[PDB]
Amino acid sequence: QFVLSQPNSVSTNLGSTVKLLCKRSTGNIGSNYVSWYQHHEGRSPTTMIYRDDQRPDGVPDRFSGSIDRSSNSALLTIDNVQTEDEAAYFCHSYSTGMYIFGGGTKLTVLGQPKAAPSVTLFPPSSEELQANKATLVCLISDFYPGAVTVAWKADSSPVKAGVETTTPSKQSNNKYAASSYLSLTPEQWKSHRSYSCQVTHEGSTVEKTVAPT
Amino acid sequence: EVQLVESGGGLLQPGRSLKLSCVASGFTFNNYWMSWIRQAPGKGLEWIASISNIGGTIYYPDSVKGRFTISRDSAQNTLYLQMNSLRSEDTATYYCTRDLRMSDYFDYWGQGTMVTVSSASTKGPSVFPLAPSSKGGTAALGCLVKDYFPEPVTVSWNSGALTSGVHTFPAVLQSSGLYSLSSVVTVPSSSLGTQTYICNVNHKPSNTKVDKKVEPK
């Protein structure tokens, strides 16, 4: 019937205040109850806000729910943000035997300066080439916040197949890391002059290139 | 206090079937509605099924309509999700919830059960060396752990004697159903002529051990 739309990722700082929105595609946000759930990685979700603006026992006072009909959206408000508040938040609503979830918004709690990615690019090993296989390995480390996009190029042209990239993963020093793999045939690799891995981080890209040995 | 403990699940093949279990306790089972929510890896929450407290009304989205069947046993305080004709898409972590129909929200969540659906079977990794490249004065070297199944793989370096600057990357899931990961180490570039770097790959699901020495070029 409708679709709940949240931003993909928002970031703030400690002690500050953030408002997470959940616009509704059609109809009025006030027609049905809105619910907010916090989700941690490897953890069961817990309900944070029920019935538009009710919080269960134990949920901290910082969390609050609201409704704004001017934008037909709902808001989850977090005052005095803590490091523990870095998580994912899903809004929910029900209408005619359907449970509509939002895309969720990954809340980032900025606890350190911004960091540019370290990018290292490995060509296929000689041993791998003799086994009739070829893989490029692009290692991305030491960036904050942890969200990057990767694009590969063969010579100068975009590569549309054979790319597999990991979700960014939190490193030991609370920075994030990711890795990307390009699969080729050995003839593909040797036929082009170069291959390059482009990592976009906060709208600024770092790029490394390798060429057949 | 309310407890929702889920069981079942595991590794399956396309077109096969599974029945998930959620045992309920700490409350009066027959009052509440129940639901199944899943989250596929690297994806948002998705609602799958909702059953009345009497087994009376049952709602399904179109993505799993006619494939899943939700049921409940009053005598055993148990919620079931029969998944049939499974697909690779249905690979997710499945959560059992208690509903409050009066307020349209799930007030209690289970522990979660992981379901994997792939057409792979147990396979050891093909380990290749990642010869060094720069970072100059600091170089990066590693070894590539390709095409294994299932997780996990463990890597140590120089039998655990080498730990400084060792960073083992989380595995990627290939479209072929197999995993690949890399373990890379950063070391002083001076030592390449004198130091031996051997990565010890361990894949207990297939009982495979591979030791590959990483040399310069």
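Per the deposited record, determination of this structure is attributed to X-ray crystallography, with the resolution reported as 3.15 Å.

Now for the overall build of chain B. A tally of regular secondary structure across chain B gives zero helices and 19 strands. Expected size for 217 residues packed as a compact globule is a radius of gyration near 17 Å; at 23 Å, chain B overshoots this value by more than 25%. Reported as C-alpha extents along the three principal axes, the dimensions of chain B are approximately 75 × 35 × 25 Å. Among the 217 residues that make up chain B, the fraction classed as buried is 48%. Side chains of chain B give 18 positive and 14 negative charges; the mean places of these two sets differ by 8 Å.

Moving on: the sheet that holds strand β1 (residues 4–5) of chain A. Residues and elements named next belong to chain A. Pairing in this open sheet of four strands is antiparallel, and the strands run β1-β3-β7-β6 from one edge to the other. Because the sheet does not close on itself, it has two edges, and the strands there are β1 and β6 (63–68). Sheet analysis places β6 next to strand β7 (residues 73–78), joined by six bridges and oriented antiparallel. Directly across from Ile67, in β7, lies its bridge partner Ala74.

With respect to the helices and strands, the residue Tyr181 of chain A is situated in strand β17 (residues 176–184). Those residues in contact with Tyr181 of chain A that sit more than four places away from it in its chain are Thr135, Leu136, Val137, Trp152, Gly162, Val163 and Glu164 of chain A together with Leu144, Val172, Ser180, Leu181 and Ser182 of chain B. Of the polar contacts made by the side chain of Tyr181 of chain A, one reaches the side chain of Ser182 of chain B; its length is 2.7 Å.

Along the chain, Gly103 of chain A turns up in the loop between β9 (99–101) and β10 (105–109). Taking the C-alpha atoms as reference points, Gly103 of chain A and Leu4 of chain A, 99 residues apart in sequence, are found 7.4 Å from one another.

Looking at the assigned domains, one finds that chain B contains domain 1 (1–119) and domain 2 (120–216). One C-alpha centre belongs to domain 1 of chain B, the other to domain 2 of chain B; they are set 38 Å apart.

Turning our attention to the sheet that holds strand β19 (residues 204–210) of chain A. Sheet strands pair by backbone hydrogen bonding; their relative direction is either parallel or antiparallel. Residue and element names in this part refer to chain A. Strand order across the open sheet formed by four strands is β14-β13-β18-β19, with antiparallel pairing between neighbours. Each edge of the open sheet carries a strand with a single partner, namely β14 (157–158) and β19. Both strand β13 (residues 148–154) and strand β18 (residues 195–201) contribute to a ladder of seven bridges, which runs antiparallel. Opposite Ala154, over in β18, you have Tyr195 as the bridge partner.

Parameters and conventions
- Residues numbered from 1 in each chain as written, not as in the entry; some residues may be left out.
- Chains lettered and ligands numbered in written order.
- Heavy atoms only, no water.
- Helix = DSSP H or I, 4+ residues; strand = E, 2+ residues; numbered from the N terminus.
- Rg over C-alpha atoms; globule rule 2.2 N^0.38 Å.
- Buried < 20%, exposed > 50% of the residue type's maximum accessible area, 1.4 Å probe, protein only.
- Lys, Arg positive; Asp, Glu negative; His and termini not counted.
- Charge placed at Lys NZ, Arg CZ, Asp CG, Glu CD.
- Pairing = 2+ DSSP bridges.
- Contact = heavy atoms within 4.5 Å.
- Polar contact = N/O pair within 3.5 Å; in protein donor to acceptor, adjacent residues only side chain to side chain.
- Domains from an automatic or database assignment.

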